[PDB]
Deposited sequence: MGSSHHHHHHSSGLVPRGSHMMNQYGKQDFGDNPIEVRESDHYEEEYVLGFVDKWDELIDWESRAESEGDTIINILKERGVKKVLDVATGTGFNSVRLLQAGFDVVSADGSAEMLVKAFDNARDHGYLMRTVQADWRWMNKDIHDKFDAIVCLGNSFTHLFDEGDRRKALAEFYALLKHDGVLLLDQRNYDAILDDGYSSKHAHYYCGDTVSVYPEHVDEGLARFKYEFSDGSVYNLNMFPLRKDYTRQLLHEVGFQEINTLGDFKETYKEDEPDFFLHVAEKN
């Protein structure tokens, strides 16, 4: 099991090596930040910190951020990336399924970004993870959760490029239960990743079913060469 972890740690290293956060931050809107700002959000819990891009973006915007992740190794990279940008990250190692075990506060908002939720292959785990997020939200809190547009693939199979042509993402295999993407970087590096191909309405169903009163799903065009369909969706789920 130590190889899968090592394989993905190599992947995110390669991603951050070749894709600098300043370009990424210019490309990603200020939409997410504005959404939190216009809701008066102060406390944010990042449950998919990875190497810390979302967290650092929110610290720079002035939010109080708690940075969680299942991986201690990711969190070390996150903390030092934050350190480099001049911020003190507050890291907590936690699994989405018992988020409650190490986190003892409630939040104005939770972010789960970068197509993260897709890493769960069991519906039971999906429900639990969402219920954990929901309990961690204040009564008026909000969950921001994104995903790739898998509907586009399931129903026209080609590569998608990010940060110009720095990395290409190609669907090698996609069925209802699994999407395998080939990632190729500009320096020649190739990584192959499995994730669960969530349909837009299916995620929405899950969110509405664990208790979220209202859900707005935004189309998000992140790829270099844009198509009629968005390559991402952002779910904005209000607890009320």
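Residues 1 to 40, 196 to 199 of the deposited sequence have no C-alpha coordinates in the model.
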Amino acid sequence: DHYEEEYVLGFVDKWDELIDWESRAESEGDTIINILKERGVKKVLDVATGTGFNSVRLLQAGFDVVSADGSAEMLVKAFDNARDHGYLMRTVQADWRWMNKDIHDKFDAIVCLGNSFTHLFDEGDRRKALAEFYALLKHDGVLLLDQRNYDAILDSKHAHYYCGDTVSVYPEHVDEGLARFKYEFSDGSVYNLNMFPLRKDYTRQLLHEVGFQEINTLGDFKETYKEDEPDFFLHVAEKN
From here on, numbers count along this sequence of modelled residues.
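In this text, rigid core is short for the largest set of C-alphas that superpose within 1.5 Å between two forms.
Once the rigid core is used to overlay the structures in 5 other deposited structures of this protein, the stretch among 113 to 121 and 156 to 164 whose CA atoms lie farther from this form is 156 to 164. Of the two stretches examined, 67 to 75 and 90 to 98, the record assigns the greater average C-alpha temperature factor to 90 to 98. Comparing the deposited coordinates for 49 to 57 and 23 to 31, the stretch with the larger average C-alpha B-factor is 23 to 31. Comparing the listed residues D175, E172, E38, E184, the entry records the largest Cα B-factor for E38. Highest C-alpha temperature factor among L120, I110, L113, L154, as the PDB entry reports it: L154. In the deposited entry, the Cα temperature factor of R180 sits in the bottom third of values across the chain's modelled residues.
Among the modelled residues of the chain, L207 sits in the middle third by CA temperature factor in this PDB entry. In the PDB entry, a CA B factor belonging to the middle third of its chain's modelled residues is recorded for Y7.
Looking at the C-alpha B-factors along this chain, the one for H160 belongs to the lowest third. Among the modelled residues of its chain, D125 has a C-alpha B-factor that falls in the middle third, as given in the PDB entry.
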